[PDB]
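What follows is a set of notes on a single structure, which appears directly below.
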Amino acid sequence: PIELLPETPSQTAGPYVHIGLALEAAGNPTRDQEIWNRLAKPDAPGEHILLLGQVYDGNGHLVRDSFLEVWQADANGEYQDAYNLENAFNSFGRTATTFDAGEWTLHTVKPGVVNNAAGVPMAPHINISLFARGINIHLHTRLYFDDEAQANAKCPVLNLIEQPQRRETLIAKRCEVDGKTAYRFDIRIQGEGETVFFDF
Amino acid sequence: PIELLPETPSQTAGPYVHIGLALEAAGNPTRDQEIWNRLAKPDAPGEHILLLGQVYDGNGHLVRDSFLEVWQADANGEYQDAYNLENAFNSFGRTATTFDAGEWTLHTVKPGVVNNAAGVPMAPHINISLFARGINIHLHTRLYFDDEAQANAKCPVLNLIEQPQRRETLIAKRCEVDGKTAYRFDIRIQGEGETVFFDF
Amino acid sequence: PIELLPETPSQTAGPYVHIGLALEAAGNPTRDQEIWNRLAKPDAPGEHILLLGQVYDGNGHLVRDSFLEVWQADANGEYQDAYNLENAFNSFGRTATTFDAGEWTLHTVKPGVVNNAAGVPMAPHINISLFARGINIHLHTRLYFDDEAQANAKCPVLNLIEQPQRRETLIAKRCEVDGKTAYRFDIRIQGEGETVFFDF
Amino acid sequence: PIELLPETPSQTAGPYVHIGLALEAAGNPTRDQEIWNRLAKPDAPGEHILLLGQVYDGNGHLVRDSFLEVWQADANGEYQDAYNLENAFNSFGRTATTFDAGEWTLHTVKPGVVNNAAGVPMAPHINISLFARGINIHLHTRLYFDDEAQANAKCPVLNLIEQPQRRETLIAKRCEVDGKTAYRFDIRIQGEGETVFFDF
Amino acid sequence: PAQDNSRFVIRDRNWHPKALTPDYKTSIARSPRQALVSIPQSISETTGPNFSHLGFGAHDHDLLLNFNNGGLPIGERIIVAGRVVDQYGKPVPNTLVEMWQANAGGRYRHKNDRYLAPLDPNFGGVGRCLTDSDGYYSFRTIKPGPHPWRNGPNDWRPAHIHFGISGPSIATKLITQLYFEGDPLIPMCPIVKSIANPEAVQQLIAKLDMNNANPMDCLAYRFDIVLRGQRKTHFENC
Amino acid sequence: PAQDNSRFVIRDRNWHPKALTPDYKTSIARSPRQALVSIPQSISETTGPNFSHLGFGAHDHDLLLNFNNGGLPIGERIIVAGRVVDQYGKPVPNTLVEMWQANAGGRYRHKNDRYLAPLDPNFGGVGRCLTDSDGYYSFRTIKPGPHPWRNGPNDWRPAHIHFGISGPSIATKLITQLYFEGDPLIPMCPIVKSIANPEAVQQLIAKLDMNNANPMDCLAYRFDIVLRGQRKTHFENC
Amino acid sequence: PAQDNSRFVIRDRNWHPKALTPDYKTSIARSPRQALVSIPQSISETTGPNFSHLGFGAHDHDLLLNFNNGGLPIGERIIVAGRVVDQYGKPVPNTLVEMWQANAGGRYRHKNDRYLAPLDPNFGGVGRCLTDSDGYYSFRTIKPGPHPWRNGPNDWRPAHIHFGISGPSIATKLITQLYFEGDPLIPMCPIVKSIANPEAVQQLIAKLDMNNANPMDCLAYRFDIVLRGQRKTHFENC
Ligand SMILES: [Cl-]
Ligand SMILES: [Cl-]
Ligand SMILES: [Cl-]
Ligand SMILES: [Fe+3]
Ligand SMILES: [Fe+3]
Ligand SMILES: [Fe+3]
């Protein structure tokens, strides 16, 4: 058969990933421009939301060295690839869990609906890639919203998860943090309540 | 050493096993004669019973595409191997769970006692072979009866299971379905309460 | 793919074939029973006919060392495989061309119609296998009759010959020899008027 | 020596070539635009002519499944390579014999004179490529015109054919079809009067 | 009735696929985590149904005719034939061989197959027969097409026919899959690769069998099946 | 109009099949017995039609949709794609690629094919396209079935698609056949074996191309085509 | 805004390291036990950030100058350079390449690294750049020392540089590690050996590149990166 050049194989990001990819989180000096966890400036259109979460291993213990990358549509359901710190909104961001701060946070807007390749609407979601010591190739997941139950029930991606119980692992829980709308999205890498991870 | 011709290797029956082996359930027309789940005509000697069960994966979820083959002695402890739809009793039958509720049923009689090769009586049992998508080589088990405690306790096959707690997984529970004598035999393929499976 | 034992390869019969297979034609002493050119005794049912012919090479020159075997139905269209010199009719015979007698002869009856494997009638025919010095594997042909034009035109075997002109090579010519019905069937191995040869 | 990538090897077009390249003839519906046998619209400059011919195998039998491609200069000696069904003249066309039509036809104009690479005029000609069942790589030839005898005698391509008798095989015969100017160009693939075929 | 009068050679469960073969994703949660418990052979295991008295329809072995809704199925006409023997080379006569498969486009006639390739109105996909007195079986069918499936993101089954064979006892009963000589999908399939030993994989590949073809009609493939060796009992209880 | 400004590398007629290959029976009477006459390249041979202005229908390259009589054709959905280059490796853009084939059962939609395998009412078997600006072409189709034929008494074509490619001149024009990776019929076919060199035969075998497949939809095969090398003229007439 | 116009060749997850590789002890509790769920590519997966307008400082790619506290860092001065391409061989221009590493003694400038080898006051160990219009990147740095770590009782990372590459989409984003030609620690490392295929491990080994060295100044290593092949969509939703 036709065999292309093989892709470069993945390796773990390791425990010191934050020195390369999360300088402030590493408590190291930052450069003038960093890619970080504020996707939306106050004047971005849409519903401003705080996202937060903790990451657990197979023994139920906190993962305090995780590095997360996120990719989401703007409130209008459009992906904005022109990354610029001057933008009111960027579709891409980074966050981390650390020894000092075991709970990651993101400051964003709720994403609008995006159609799949067949034209079928997907429920509002944030794409997440999870990296850490012990993780040899990053884990892909999606964060959906518990106040989008009708859309979630019809999402062609959620519906590829055979068991309804596992779909529940991708639904972030609405709350309030200091008076502002927030969602908690915890990830369980292994075992009871294991978060669904995707291949694509 | 002496090496015989290798046996043809097993493969999974796959999710469409019903096309070939459970035609009704595939949604398909049947042929004039089918091998199915009614082992006994109403005139067959012995105690007429219903067997039913559900099959669970390692996540506690129903296996809704299982296919089961059974082999049991008649009420007089004789294996009736000359398969014939006109027989009062067939020692062989087939059943399947299907989507819906995931429950299989068999209509039979309670088997009589048969001796092992050393002449020691075995407790009444039904031999079961379980096939499905995800199962690469079929799983062998036995269904014993909870109202045969004395015989069960002395069975030379059950006594080969090292742990009494595991012996309990093979004991079907007497119950009533539409007022008629039945025994429920659930199978747990993996994990908590995992059903004992045999090699022979 | 599946490869069976290979067939033993053919070789030419060579110039002295008659010493083994045509003893009288070789002018050598015969045994008590020989397989020869009289398929029908006078008592055989059917139309008694004399067949005769000459064999030519690619230069138009007579082949004076040919050996022919023939296989045909009786007048009722049945093949008679039980070869016996006591029979009024045998379906099999042998003839030859020699230095002294360059024209072979056969004494037989006109064969009845035989159906092909699909049940379609074949025109009356004699199957011929031709052997000689220079012929590495024998040549198969059929002798049909010029007074069976209607049947010939419908024969499913003749109709597998793409060109009508080549079909004519298989049609023997009715004549009279010493007052009796005869057909001449000349064979041209190569070149102008080349006789159709079959593979089966 | 310097060895380039090998050319993809030829294979016969086979007997069903018309399915792909002569749709009308296969018995099939045509697409909106087809490449076919009318090179010239009525307004095209030059002398409008019909070309026709039959193709013979080595046994003198018609090749009924021939497919022919032609390439010729327009009346002004110009090769029109921008193929378009709207053109007054296309230098390229296709035709075929078929069973229904064992004769091929082309509607064109007489080509003007073209010089060879050394600047020497070639006699008026049509370049032909012949494809069919039994032909493993197409045969190249040229059709010249019998009323161009003076030019033909000086053609540097015709003069590369060593024997004058073989040159005659490339000279089409002027005739009239339904009262209109035509030239017949029969091709004999093999044997007596074998048509000259070219390599270049 | 049946009697205990034979023993069957113990299976090599490293020749067979293991239960847990995670590249075949559904095996992860459907594989036991505890060891199988070995038990000695008794009459319960060394006997099984014989199907000599099962009534077969005229076309049960012929998938070109057994789902006839006005025409022939579309696709590559093939005979699939072979012999069932045990590990000692002894033929297994009058044994039940069942098969099922997708149509020429890789679509199954099952309510749960929603692959976009069309059903064939003249193809059902199920066959059965008994081996003859010398151990041979034969079916006539259409060569199935490869079937895409929701395992990895671009996984395709090679062309394959599912087989079940009863044999002389419940100890010999086997379900397997036939694949076809040369199919470039075979080395890529995680179901094929559930079998760790490459030599075992080769035992599932049917060979083109021109000797058994009907000219101008259908091709043929040969697929031989080997069930567990059967022997008489000896020196037991003494 | 066209001009003479290039030369084409001379063909290797021992790499191509010879005219007389008697195992392919119809070649015996359809092969010239006289030698080909070599002629130098002129404008007549070094030019040819370009098809940029030919009007193509929307589905001309898509055999799943171009004979639509109420449904999809039955059979293995496949993309057949590749690149046309010359012997120097230069892409051949905007060139005409035509193809034709049998349906999934080896039956041709031609009046002269009376093989008993049925026609598919939604399959025609004809495609065309132009290569793009980088030399690539693409068709969508059904994988054809093997085709029995009246050569030897049990001869079957391997699965194959007929191809015609125009290229830059009448000197480059080529008709050939594509075969499929692994097909056990390939080594048996007297038409394949008209090519004497085994390495040339390999050049006609399309490879399974999983990288180009549409998951849950269609597989893909890759078939690259090499036309005669084209060079500028040099040092002529001096 | 970004558009869905491309597809990416599916990953070979037996070429990459698997999740559960127990000799790398931390992977035991940080590997999912359920199968990944395959999903089709949509605009969510086939797009990603373009960093063309991220503002880079003058020395972001030069670790000899980007942590300047009064001197040059101690250790082997090297250029690390290479090309980012996709599996079709197409360069990946204007893509973000980030890297981090220990100093010459195997010590990281992170609070959690308490290895006894000293920090270098003029080394920070972090770099970033974009590939140029032809897919090439380059850093200047110190060759890192092996790093002991609490896996097995005497485990040492080979000298290595961590790499992150964005590529055209979130589907191509990759984190990996570079190793150095000839390092005898490579075959011994359980993180290297998380990769099952020895040929894949070889793809992570940077080669000494004397051609790219500055004489009397610095040596050079070459490390090329291959991201998932990108192709146009074809024959979707039809
Ligand atoms: Cl035998
Ligand atoms: Cl290129
Ligand atoms: Cl380049
Ligand atoms: Fe299947
Ligand atoms: Fe063909
Ligand atoms: Fe490190």
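The way I read the labels, and the way they are meant: chains A, B, ... in the order of the structure tokens, residue 1 as the first residue of every chain, and ligand 1 as the first ligand shown, with later ones counted on from there.
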Please extract the residues at most 12 Å from ligand 3, counting only C-alpha atoms and all ligand atoms, and provide them as an NGL selection string, using the chain letters and residue numbers of this document. :G and (83-85 or 89-92 or 133-136)
Residues from last step as file, N, CA, C and O atoms, as a PDB file, in the first residue's frame:
ATOM      1  N   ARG G  83      13.841  21.216   9.487  1.00  0.00           N
ATOM      2  CA  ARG G  83      12.700  21.587   8.651  1.00  0.00           C
ATOM      3  C   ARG G  83      11.477  20.901   9.237  1.00  0.00           C
ATOM      4  O   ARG G  83      11.575  19.760   9.690  1.00  0.00           O
ATOM      5  N   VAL G  84      10.347  21.607   9.262  1.00  0.00           N
ATOM      6  CA  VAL G  84       9.050  20.991   9.566  1.00  0.00           C
ATOM      7  C   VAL G  84       8.334  20.767   8.236  1.00  0.00           C
ATOM      8  O   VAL G  84       8.136  21.714   7.444  1.00  0.00           O
ATOM      9  N   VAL G  85       7.967  19.512   7.979  1.00  0.00           N
ATOM     10  CA  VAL G  85       7.188  19.140   6.783  1.00  0.00           C
ATOM     11  C   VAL G  85       6.002  18.283   7.226  1.00  0.00           C
ATOM     12  O   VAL G  85       5.970  17.829   8.372  1.00  0.00           O
ATOM     13  N   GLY G  89       5.474  15.439   2.508  1.00  0.00           N
ATOM     14  CA  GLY G  89       6.749  16.124   2.241  1.00  0.00           C
ATOM     15  C   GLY G  89       6.589  17.615   2.066  1.00  0.00           C
ATOM     16  O   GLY G  89       7.550  18.294   1.683  1.00  0.00           O
ATOM     17  N   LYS G  90       5.391  18.143   2.327  1.00  0.00           N
ATOM     18  CA  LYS G  90       5.152  19.587   2.096  1.00  0.00           C
ATOM     19  C   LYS G  90       5.669  20.400   3.277  1.00  0.00           C
ATOM     20  O   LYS G  90       5.365  20.082   4.426  1.00  0.00           O
ATOM     21  N   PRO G  91       6.453  21.463   3.017  1.00  0.00           N
ATOM     22  CA  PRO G  91       6.913  22.264   4.147  1.00  0.00           C
ATOM     23  C   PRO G  91       5.769  22.919   4.901  1.00  0.00           C
ATOM     24  O   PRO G  91       4.701  23.183   4.329  1.00  0.00           O
ATOM     25  N   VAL G  92       6.008  23.160   6.189  1.00  0.00           N
ATOM     26  CA  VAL G  92       5.032  23.796   7.075  1.00  0.00           C
ATOM     27  C   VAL G  92       5.588  25.152   7.499  1.00  0.00           C
ATOM     28  O   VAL G  92       6.326  25.249   8.480  1.00  0.00           O
ATOM     29  N   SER G 133       9.458  30.807   5.654  1.00  0.00           N
ATOM     30  CA  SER G 133       8.565  30.535   4.537  1.00  0.00           C
ATOM     31  C   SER G 133       8.820  29.201   3.821  1.00  0.00           C
ATOM     32  O   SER G 133       7.964  28.750   3.053  1.00  0.00           O
ATOM     33  N   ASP G 134       9.976  28.574   4.082  1.00  0.00           N
ATOM     34  CA  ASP G 134      10.342  27.274   3.490  1.00  0.00           C
ATOM     35  C   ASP G 134      10.285  26.116   4.507  1.00  0.00           C
ATOM     36  O   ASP G 134      10.719  25.007   4.212  1.00  0.00           O
ATOM     37  N   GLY G 135       9.768  26.382   5.705  1.00  0.00           N
ATOM     38  CA  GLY G 135       9.598  25.338   6.738  1.00  0.00           C
ATOM     39  C   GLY G 135      10.771  25.148   7.705  1.00  0.00           C
ATOM     40  O   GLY G 135      10.719  24.270   8.571  1.00  0.00           O
ATOM     41  N   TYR G 136      11.812  25.987   7.593  1.00  0.00           N
ATOM     42  CA  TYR G 136      13.007  25.826   8.431  1.00  0.00           C
ATOM     43  C   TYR G 136      12.962  26.621   9.730  1.00  0.00           C
ATOM     44  O   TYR G 136      12.458  27.736   9.768  1.00  0.00           O
TER      45      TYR G 136
END
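Where the distance criterion is 10 Å and the atoms used are only C-alpha atoms and all ligand atoms, the residues close to ligand 4 are residues 12, 13, 14, 15, 16, 17 and 133 of chain B; 100, 101, 102, 106, 107, 108, 144, 146, 147, 148, 149, 157, 158, 159, 160, 161, 162, 177 and 178 of chain E.
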Based on only C-alpha atoms, which of the residues in chain F come within 9 Å of chain G? I want them as a short mmCIF file (atom, residue, chain, number, x, y, z; two decimals) with N, CA, C and O atoms, in the first residue's frame.
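Result saved to selection36.cif:
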data_model
loop_
_atom_site.label_atom_id
_atom_site.label_comp_id
_atom_site.auth_asym_id
_atom_site.auth_seq_id
_atom_site.Cartn_x
_atom_site.Cartn_y
_atom_site.Cartn_z
N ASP F 62 -17.15 10.70 -11.92
CA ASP F 62 -17.76 10.08 -10.73
C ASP F 62 -18.76 9.00 -11.14
O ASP F 62 -19.94 9.28 -11.43
N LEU F 65 -22.24 8.39 -9.55
CA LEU F 65 -23.34 9.32 -9.81
C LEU F 65 -23.66 9.52 -11.27
O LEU F 65 -24.70 10.10 -11.59
N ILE F 79 -12.00 5.55 -4.45
CA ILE F 79 -11.37 6.61 -5.25
C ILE F 79 -10.19 5.98 -6.00
O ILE F 79 -9.46 5.16 -5.44
N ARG F 140 -14.05 8.59 -8.89
CA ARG F 140 -14.73 7.79 -7.87
C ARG F 140 -15.51 6.71 -8.59
O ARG F 140 -16.15 6.98 -9.61
N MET F 210 -4.67 4.15 1.89
CA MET F 210 -5.55 4.46 3.03
C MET F 210 -5.56 5.95 3.35
O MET F 210 -6.56 6.46 3.86
N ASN F 211 -4.46 6.64 3.02
CA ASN F 211 -4.31 8.06 3.31
C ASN F 211 -5.32 8.89 2.55
O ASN F 211 -5.66 10.00 2.96
N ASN F 212 -5.80 8.35 1.43
CA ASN F 212 -6.72 9.08 0.56
C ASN F 212 -8.18 8.63 0.70
O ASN F 212 -9.04 9.13 0.00
N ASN F 214 -11.97 8.05 2.33
CA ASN F 214 -12.94 8.75 3.15
C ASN F 214 -13.44 7.77 4.19
O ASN F 214 -14.13 6.82 3.86
N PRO F 215 -13.07 7.97 5.47
CA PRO F 215 -13.56 7.02 6.46
C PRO F 215 -15.08 6.84 6.45
O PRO F 215 -15.84 7.79 6.18
N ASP F 217 -16.88 5.54 4.32
CA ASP F 217 -17.40 5.99 3.03
C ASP F 217 -16.77 5.19 1.88
O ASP F 217 -17.43 4.34 1.26
#
Chain C residues near chain D (12 Å cut-off, only C-alpha atoms) as an MDAnalysis selection string: chainID C and resid 162:166 191:194
Shell of 9 Å around stretch 181-196 of chain G, only C-alpha atoms, local chain residues under 3 positions omitted, as a PyMOL selection string: (chain A and resi 9-12+136) or (chain G and resi 14-25+146+151+155-159+177+199-201+204-208+221)
Please find the residues of chain C near chain F - the criterion being any atom within 10 Å, counting only C-alpha atoms - and write them as number ranges by chain. C: 1, 160, 198-200
How would the residues just chosen look if you wrote them out with N, CA and C atoms as a PDB file, in the first residue's frame?
ATOM      1  N   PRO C   1      -2.322 -19.387  -4.780  1.00  0.00           N
ATOM      2  CA  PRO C   1      -3.532 -20.130  -5.179  1.00  0.00           C
ATOM      3  C   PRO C   1      -3.328 -21.626  -4.967  1.00  0.00           C
ATOM      4  N   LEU C 160     -19.023 -21.483 -31.440  1.00  0.00           N
ATOM      5  CA  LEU C 160     -17.887 -20.898 -30.705  1.00  0.00           C
ATOM      6  C   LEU C 160     -16.683 -20.572 -31.602  1.00  0.00           C
ATOM      7  N   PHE C 198      -9.420 -27.817 -31.119  1.00  0.00           N
ATOM      8  CA  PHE C 198     -10.061 -27.388 -29.888  1.00  0.00           C
ATOM      9  C   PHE C 198      -9.178 -27.570 -28.649  1.00  0.00           C
ATOM     10  N   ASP C 199      -9.471 -26.771 -27.635  1.00  0.00           N
ATOM     11  CA  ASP C 199      -8.966 -27.024 -26.271  1.00  0.00           C
ATOM     12  C   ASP C 199     -10.160 -27.235 -25.365  1.00  0.00           C
ATOM     13  N   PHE C 200     -10.075 -28.247 -24.507  1.00  0.00           N
ATOM     14  CA  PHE C 200     -11.106 -28.462 -23.487  1.00  0.00           C
ATOM     15  C   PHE C 200     -10.496 -29.241 -22.335  1.00  0.00           C
TER      16      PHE C 200
END
Find the residues near residue D:114: any atom within 7 Å, counting only C-alpha atoms, skip ones fewer than 4 places away on the same chain, and give them as a PyMOL selection string. chain D and resi 77+121-122
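Nearest to residue A:181 of all the residues A:152, A:28, A:108, A:54 is A:108, based on only C-alpha atoms.
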Which neighbours of residue F:139 fall inside 8 Å, counting only C-alpha atoms, when residues of the same chain fewer than 3 positions from it are skipped, and could you give them as a ChimeraX atom specification? /F:61-63,79-81,127-129
Using the selection just defined, write its residues with C-alpha atoms as a PDB file, in the first residue's frame.
ATOM      1  CA  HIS F  61     -15.282  11.624 -13.196  1.00  0.00           C
ATOM      2  CA  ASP F  62     -17.759  10.080 -10.732  1.00  0.00           C
ATOM      3  CA  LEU F  63     -19.105   6.642 -11.675  1.00  0.00           C
ATOM      4  CA  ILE F  79     -11.374   6.608  -5.248  1.00  0.00           C
ATOM      5  CA  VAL F  80      -8.810   5.966  -8.006  1.00  0.00           C
ATOM      6  CA  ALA F  81      -6.284   8.797  -8.045  1.00  0.00           C
ATOM      7  CA  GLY F 127     -15.236   8.179 -16.605  1.00  0.00           C
ATOM      8  CA  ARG F 128     -13.113  11.073 -17.782  1.00  0.00           C
ATOM      9  CA  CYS F 129     -11.272  14.049 -16.383  1.00  0.00           C
TER      10      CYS F 129
END
Pick out the residues sitting within 7 Å of stretch 79-85 of chain D, and hand them over as a tab-separated table (two decimals) with C-alpha atoms, in the first residue's frame; count only C-alpha atoms, and ignore anything fewer than 4 positions along from it in its own chain.
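Result file follows (around_20.tsv):
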chain	number	residue	atom	x	y	z
D	72	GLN	CA	-4.15	16.02	-39.31
D	73	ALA	CA	-3.33	19.55	-40.43
D	74	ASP	CA	-6.18	21.83	-41.50
D	90	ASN	CA	-10.49	20.16	-35.16
D	91	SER	CA	-7.21	18.49	-36.14
F	1	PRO	CA	-1.89	26.55	-33.80
F	2	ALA	CA	0.57	23.89	-32.61
F	48	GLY	CA	-1.49	16.59	-30.40
F	49	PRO	CA	-4.85	17.72	-29.06
F	50	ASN	CA	-5.21	19.58	-25.81
F	51	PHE	CA	-8.60	19.18	-24.11
F	53	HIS	CA	-11.75	23.55	-23.80
F	54	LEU	CA	-13.73	20.29	-23.84
Residues near stretch 138-145 of chain A, anyone? I mean within 7 Å using only C-alpha atoms, not counting same-chain ones fewer than 4 positions away, as number ranges by chain. A: 124-131, 170-173, 185, 196-198
From the DSSP assignment of the backbone, select every residue of stretch 15-169 of chain B that is alpha helix (DSSP H), and format the answer as a ChimeraX atom specification. /B:17-21,23-26,149-153,164-167
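Pairwise distance (atom CA of residue A:2, atom CA of residue F:223) equals 10.2 Å.
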Step one, run DSSP on the backbone; step two, keep only residues of stretch 7-155 of chain B assigned to strand (DSSP E or B); then write them as number ranges by chain. B: 38, 40, 48-53, 55-56, 62, 67-72, 82, 89, 92-96, 104-109, 114-115, 121-122, 126-131, 139-145
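The two atoms in question, atom CA of residue F:27 and atom CA of residue D:183, are spaced 28.6 Å apart.
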Rounded to one decimal, what separation in Å do you get between atom CA of residue E:42 and atom CA of residue B:105? 26.2 Å
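Remark: for residue D:70, the closest of the candidate residues F:39, F:117, F:173, F:132 is F:173 (distances computed over only C-alpha atoms).
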